[PDB]
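**Student:** My structure is in run_25.csv, and what it holds is CSV, C-alpha atoms:
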chain,number,residue,atom,x,y,z
A,414,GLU,CA,0.3,-14.8,19.5
A,415,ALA,CA,-2.0,-16.6,17.0
A,416,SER,CA,-3.0,-13.1,15.7
A,417,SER,CA,0.2,-13.0,13.7
A,418,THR,CA,-1.5,-15.3,11.2
A,419,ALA,CA,-4.7,-13.3,11.2
A,420,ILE,CA,-2.8,-10.3,9.7
A,421,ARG,CA,-1.6,-12.5,6.9
A,422,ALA,CA,-5.0,-11.9,5.3
A,423,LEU,CA,-5.1,-8.2,6.2
A,424,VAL,CA,-2.3,-7.3,3.7
A,425,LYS,CA,-4.5,-9.1,1.1
A,426,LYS,CA,-7.4,-6.7,1.7
A,427,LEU,CA,-5.2,-3.8,0.7
A,428,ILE,CA,-5.3,-5.3,-2.8
A,429,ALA,CA,-8.6,-7.3,-2.5
A,430,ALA,CA,-10.6,-4.1,-2.4
A,431,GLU,CA,-8.7,-2.2,-5.2
A,432,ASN,CA,-7.8,-2.4,-8.9
A,433,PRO,CA,-4.3,-4.0,-8.9
A,434,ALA,CA,-4.9,-4.7,-12.6
A,435,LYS,CA,-2.8,-1.8,-13.9
A,436,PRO,CA,-1.2,-0.5,-10.7
A,437,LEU,CA,0.7,-2.6,-8.1
A,438,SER,CA,2.3,-0.2,-5.7
A,439,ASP,CA,1.5,1.1,-2.2
A,440,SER,CA,-0.1,4.5,-1.4
A,441,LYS,CA,-3.3,3.5,-3.3
A,442,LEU,CA,-4.2,0.9,-0.7
A,443,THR,CA,-3.5,3.5,2.0
A,444,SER,CA,-5.7,6.0,0.2
A,445,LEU,CA,-9.0,4.2,0.9
A,446,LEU,CA,-7.8,4.1,4.6
A,447,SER,CA,-6.6,7.7,4.7
A,448,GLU,CA,-10.1,8.7,3.4
A,449,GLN,CA,-11.1,8.8,7.1
A,450,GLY,CA,-7.8,9.5,8.6
A,451,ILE,CA,-6.2,6.1,8.9
A,452,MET,CA,-2.5,5.6,8.1
A,453,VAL,CA,-1.0,2.2,8.8
A,454,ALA,CA,-0.9,0.3,5.5
A,455,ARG,CA,2.0,2.7,4.6
A,456,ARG,CA,4.5,1.1,6.9
A,457,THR,CA,2.4,-1.9,7.7
A,458,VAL,CA,2.1,-3.2,4.1
A,459,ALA,CA,5.8,-2.6,3.6
A,460,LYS,CA,6.7,-4.3,6.9
A,461,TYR,CA,4.7,-7.4,5.9
A,462,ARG,CA,5.9,-7.1,2.3
A,463,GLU,CA,9.4,-8.3,3.2
A,464,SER,CA,7.7,-11.1,5.1
A,465,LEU,CA,5.3,-12.5,2.5
A,466,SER,CA,7.9,-12.1,-0.3
A,467,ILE,CA,5.7,-12.9,-3.3
A,468,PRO,CA,7.2,-15.1,-6.0
A,469,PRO,CA,8.3,-14.0,-9.5
A,470,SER,CA,6.0,-13.8,-12.5
A,471,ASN,CA,3.4,-12.3,-10.2
A,472,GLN,CA,4.0,-8.7,-10.8
A,473,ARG,CA,1.1,-8.4,-13.2
A,474,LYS,CA,2.9,-6.1,-15.6
A,475,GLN,CA,3.8,-7.3,-19.1
A,476,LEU,CA,5.7,-4.3,-20.3
A,477,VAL,CA,3.8,-1.2,-19.3
A,478,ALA,CA,4.1,1.4,-16.5
A,479,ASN,CA,2.9,5.0,-16.6
A,480,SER,CA,1.7,5.6,-13.0
A,481,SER,CA,5.3,4.7,-12.0
A,482,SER,CA,6.7,7.4,-14.3
A,483,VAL,CA,4.2,10.1,-13.4
A,484,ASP,CA,6.1,10.4,-10.1
A,485,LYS,CA,3.0,11.2,-8.0
A,486,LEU,CA,4.4,13.2,-5.1
A,487,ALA,CA,1.5,15.5,-4.5
A,488,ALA,CA,0.7,13.7,-1.3
A,489,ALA,CA,3.9,14.9,0.4
A,490,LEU,CA,3.0,18.4,-0.7
A,491,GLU,CA,0.1,18.3,1.7
A,492,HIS,CA,2.2,17.0,4.6
A,493,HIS,CA,1.8,19.2,7.6
A,494,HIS,CA,0.0,17.2,10.3
A,495,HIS,CA,-0.1,18.3,13.9
A,496,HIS,CA,-1.4,16.7,17.1
A,497,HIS,CA,-3.0,18.7,19.9
Transcribe the structure of this file into structure tokens.
**Tutor:**
Amino acid sequence: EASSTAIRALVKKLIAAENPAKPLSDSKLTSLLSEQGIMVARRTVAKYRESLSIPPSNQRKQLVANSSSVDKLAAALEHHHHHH
């Protein structure tokens, strides 16, 4: 039951080992994990996101956003997994 607090830092790694400077959205963090085949940060990060609920003025985005307009949806285009 004490493991619930151990994950509190896990969600931090998704941004601790990346360049959140410009960006600040999911997918990226899941990329480094998907490099081998992992795929949890997707729903995991989002699940904990609502829990952590970061305060305002912590978006790290003055008045710029390009990666958010590019609408990168090429990932779904390669969606066709299959078990067994």
**Student:** Restricting the calculation to only C-alpha atoms: of A:447, A:483, A:473, A:497, which residue gets closest to residue 432 in chain A?
**Tutor:**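 Of A:447, A:483, A:473, A:497, the one nearest residue 432 in chain A is A:473, counting only C-alpha atoms.
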**Student:** Could you name the residues that touch range 459-463 of chain A at 10 Å or less, counting all atoms listed in the file, but leaving out those on the same chain fewer than 2 positions away, as a tab-separated table (two decimals) with C-alpha atoms, in the coordinates of the input?
**Tutor:**
chain	number	residue	atom	x	y	z
A	420	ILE	CA	-2.80	-10.30	9.70
A	421	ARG	CA	-1.60	-12.50	6.90
A	423	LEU	CA	-5.10	-8.20	6.20
A	424	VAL	CA	-2.30	-7.30	3.70
A	439	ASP	CA	1.50	1.10	-2.20
A	453	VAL	CA	-1.00	2.20	8.80
A	454	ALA	CA	-0.90	0.30	5.50
A	455	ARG	CA	2.00	2.70	4.60
A	456	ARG	CA	4.50	1.10	6.90
A	457	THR	CA	2.40	-1.90	7.70
A	465	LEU	CA	5.30	-12.50	2.50
A	466	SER	CA	7.90	-12.10	-0.30
A	467	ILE	CA	5.70	-12.90	-3.30
**Student:** Measure the distance from CA of residue 448 in chain A to CA of residue 488 in chain A in Å and round it to one decimal.
**Tutor:**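 Interatomic distance, CA of residue 448 in chain A to CA of residue 488 in chain A: 12.8 Å.
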**Student:** Suppose you want the space between CA of residue 486 in chain A and CA of residue 474 in chain A; what is it in Å?
**Tutor:**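 Taking CA of residue 486 in chain A as the start and CA of residue 474 in chain A as the end point, the length is 22.0 Å.
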**Student:** Interatomic distance between CA of residue 491 in chain A and CA of residue 479 in chain A?
**Tutor:**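 Result for CA of residue 491 in chain A versus CA of residue 479 in chain A: 22.8 Å, one decimal.
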**Student:** May I ask you to restore N, CA, C and O atoms in range 447-460 of chain A and write the result as a compact mmCIF listing (two decimals), in the coordinates of the input?
**Tutor:**
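The file below, part29.txt, is the result:
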# COMPACT_ATOMS: atom_id res chain seq x y z
N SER A 447 -6.87 6.32 4.30
CA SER A 447 -6.60 7.70 4.70
C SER A 447 -7.85 8.57 4.43
O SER A 447 -7.92 9.71 4.88
N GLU A 448 -8.83 8.02 3.71
CA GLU A 448 -10.10 8.70 3.40
C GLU A 448 -10.73 9.21 4.70
O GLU A 448 -11.41 10.24 4.71
N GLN A 449 -10.54 8.46 5.77
CA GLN A 449 -11.10 8.80 7.10
C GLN A 449 -10.09 9.39 8.00
O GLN A 449 -10.41 10.18 8.89
N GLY A 450 -8.83 9.00 7.80
CA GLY A 450 -7.80 9.50 8.60
C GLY A 450 -6.75 8.42 8.99
O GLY A 450 -5.72 8.70 9.60
N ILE A 451 -7.06 7.18 8.61
CA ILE A 451 -6.20 6.10 8.90
C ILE A 451 -4.85 6.20 8.15
O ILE A 451 -4.77 6.84 7.11
N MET A 452 -3.80 5.59 8.70
CA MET A 452 -2.50 5.60 8.10
C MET A 452 -1.56 4.58 8.69
O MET A 452 -0.65 4.89 9.46
N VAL A 453 -1.80 3.33 8.32
CA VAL A 453 -1.00 2.20 8.80
C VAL A 453 -0.44 1.38 7.68
O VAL A 453 0.72 0.98 7.69
N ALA A 454 -1.28 1.13 6.68
CA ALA A 454 -0.90 0.30 5.50
C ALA A 454 0.45 0.84 4.95
O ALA A 454 1.21 0.07 4.36
N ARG A 455 0.72 2.13 5.13
CA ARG A 455 2.00 2.70 4.60
C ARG A 455 3.17 1.92 5.07
O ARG A 455 3.86 1.34 4.23
N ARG A 456 3.41 1.87 6.37
CA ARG A 456 4.50 1.10 6.90
C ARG A 456 4.18 -0.34 7.13
O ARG A 456 5.02 -1.23 7.01
N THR A 457 2.91 -0.58 7.47
CA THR A 457 2.40 -1.90 7.70
C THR A 457 2.63 -2.82 6.48
O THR A 457 3.36 -3.81 6.53
N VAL A 458 1.99 -2.45 5.38
CA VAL A 458 2.10 -3.20 4.10
C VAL A 458 3.56 -3.47 3.79
O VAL A 458 3.92 -4.58 3.40
N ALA A 459 4.39 -2.45 3.92
CA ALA A 459 5.80 -2.60 3.60
C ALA A 459 6.49 -3.54 4.58
O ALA A 459 7.34 -4.34 4.18
N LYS A 460 6.12 -3.47 5.86
CA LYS A 460 6.70 -4.30 6.90
C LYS A 460 6.38 -5.80 6.58
O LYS A 460 7.26 -6.66 6.69
